[PDB]
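Protein chains in written order, with the deposited numbering: chain E, 530 to 633; chain F, 634 to 736; chain A, 634 to 736.
Each residue gets a CB set at the ideal place from its N, CA and C atoms; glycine is no exception.
Here's the structure we're looking at; comments come further down.
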């Protein structure tokens with residue numbers, strides 16, 4: 530239930546009608562809310578998880594580091610970003626040898 | 634990761650062996666296998682033809698492409714040609730990517 | 634001697650003129666021809682398509698040919714492309730002779 534914050538670059542920002550070009554205050558922009566995917570997707574501003582750094586032993590304590598980015602694992606499940614009235618309908622998948630899940 | 638076309642069922646391996654011809658066996662029978670053979674080798678020719686499928690350039694580009702060329706300047710030898718001792722040598726590796734397409 | 638394909642009957646000349654429209658004639662008849670006309674010009678589009686016949690390379694050469702390329706090194710402009718002021722310029726004359734044949 531914390532809406533006070535949003536990801537720096539990870540959200541879509543729309544302008545209101547007659548919104549200025551540059552140095553617009555936060556009230557005139559329209560910030561988009563992605564929270565509908567909380568179920569299948571990790572929070573954008575939080576670590577994916579935690580992993581062990583070392584082998585424990587009688588001498589060595591178990592130490593765990595933070596996973597900032599996690600590329601994929603077989604068995605992952607996610608959802609795509611949501612569609613709006615103001616947002617684009619389609620895109621062009623670049624012509625290339627490979628692409629993974631080419632949803633814009 | 635190195636390159637080329639990955640295939641679940643690539644073109645099969647062709648294995649070849651020249652069958653053993655043993656030297657003269659001893660007269661009295663022996664249980665052991667024969668370890669004495671005739672020194673031998675074989676020779677022949679292989680023909681390998683592959684049928685390739687091409688994807689032609691459709692480009693609507695205006696200015697000219699980059700191409701692969703033999704540089705014209707004079708040299709003691711010809712590139713991709715035989716030496717004076719009869720040795721064939723490829724001077725440089727030739728990539729496949731010259732023509733361009735839009736991203 | 635300059636180049637190209639000599640022909641006894643080359644493709645014919647297309648001549649074009651916009652017909653004269655005279656200004657107001659005087660009321661009383663005059664023998665002289667009318668030297669006063671309306672300033673005028675015309676505009677349109679021309680389509681010219683030529684059908685060319687090609688002779689393909691049959692060469693059995695081993696080593697690679699010389700080809701025509703755009704050199705890759707970076708430059709302020711693109712060759713055979715428009716300028717910053719909108720001016721189209723051809724950097725160098727391009728001959729027709731690169732592929733080789735035996736004499």
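Exercise. Which residues, in order along the stretch 689-714 of chain F, keep a beta-carbon less than 9 Å from a beta-carbon of chain A?
Worked result: The residues in question are 695, 696, 697, 698, 699, 700, 701, 702, 703, 704, 705, 711, 712, 713, 714.
For this session: Thinking residue 696 of chain A and residue 714 of chain F are a contact (beta carbons under 8 Å), I'd like their distance in whole angstroms, please.
Result: 5 Å
For this session: Report all residues from its chain with a CB closer than 7 Å to the CB of residue 566 of chain E; omit the five preceding and five following residues, and keep chain order.
Result: So the qualifying residues of the chain are 608.
For this session: Could you pull out every residue in the same chain whose Cβ sits closer than 8 Å to the Cβ of residue 647 of chain F, ignoring the five residues on either side in sequence?
Result: Sequence-distant Cβ neighbours of residue 647 of chain F in its own chain, meaning closer than 8 Å and more than five residues away, do not exist here.
Exercise. Are the CB atoms of residue 569 of chain E and residue 606 of chain E nearer to each other than 8 Å?
Worked result: In contact: residue 569 of chain E and residue 606 of chain E (Cβ atoms closer than 8 Å).
For this session: Report all residues from its chain with a CB closer than 6 Å to the CB of residue 609 of chain A; omit the five preceding and five following residues, and keep chain order.
Result: With chain A running from 634 to 736 in the structure shown, residue 609 of chain A is simply not present.
For this session: Look at residue 703 of chain A and residue 712 of chain A and say whether their C-beta atoms are less than 8 Å apart.
Result: yes
Problem set entry | residue 542 of chain E - DSSP class collapsed to helix/strand/coil | strand
Exercise. Which whole-angstrom value describes the C-beta separation of residue 558 of chain E and residue 547 of chain E, a residue pair presumed to lie in contact below a C-beta threshold of 8 Å?
Worked result: 12 Å between Cβ atoms; not a contact.
For this session: Specify the secondary structure class of residue 566 of chain E as computed by DSSP and reduced to three states.
Result: helix
Exercise. What distance in whole Å lies between the Cβ atoms of residue 700 of chain A and residue 700 of chain F, which are believed to be in contact at a cut-off of 8 Å?
Worked result: 4 Å
For this session: Just the C-alpha distance for residue 706 of chain A and residue 731 of chain F, rounded to the nearest angstrom, thanks.
Result: 14 Å
For this session: Could you spell out the range, first to last residue, of the beta strand (DSSP E) harbouring residue 646 of chain F?
Result: First-last for residue 646 of chain F: undefined, no H or E at that position.
Exercise. Hey, quick one: how far does the beta strand (DSSP E) through residue 595 of chain E stretch, first residue to last?
Worked result: From DSSP, the beta strand (DSSP E) with residue 595 of chain E extends over 593-596.
Exercise. Under three-state DSSP, which class holds residue 715 of chain F?
Worked result: strand
Exercise. When the Cα atoms are used, what is the spatial distance from residue 717 of chain A to residue 536 of chain E?
Worked result: 41 Å
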